[PDB]
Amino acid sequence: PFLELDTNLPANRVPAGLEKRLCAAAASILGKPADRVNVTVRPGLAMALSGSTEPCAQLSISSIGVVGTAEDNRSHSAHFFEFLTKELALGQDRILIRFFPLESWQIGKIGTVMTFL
């Protein structure tokens, strides 16, 4: 899966090693191998979340198969909120998530697409 985290926390307020811990967390939550998880963190941005510029974060999760239902995504959301609230020292009111199903023809890897792998 592809996880992207935008935050207005400066880089020096994002704990060292977050991106690797988020790989491990996502592996467990989403039922994916940790060595296939992708994480991108973009800190130091200018953000408002629900109208407020206090510290916040926006997570996007794009994945094959597992992020397409409300019932599944409810579960995923609970677990990612637990992870991020504690890691980033943010309240639950300061994080939102978006879930994006992907299909194999959308993922370019090793010079082809996943459809053929």
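Note that residue numbering begins at 1 and tracks the sequence as displayed.
In this entry, 17-25 has the higher mean Cα B-factor, the comparison being between 100-108 and 17-25. A summary of the deposited B-factors shows that, of 40-48 and 27-35, the stretch with the larger mean C-alpha value is 27-35.
Of the candidates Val66, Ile61, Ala70, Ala89, the one whose C-alpha carries the top B factor in the deposited record is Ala89.
Ranked against the other modelled residues of its chain, the C-alpha B-factor of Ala11 as given in the entry falls in the highest third. When the modelled residues of the chain are ordered by their C-alpha B factor, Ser75 lands in the middle third.
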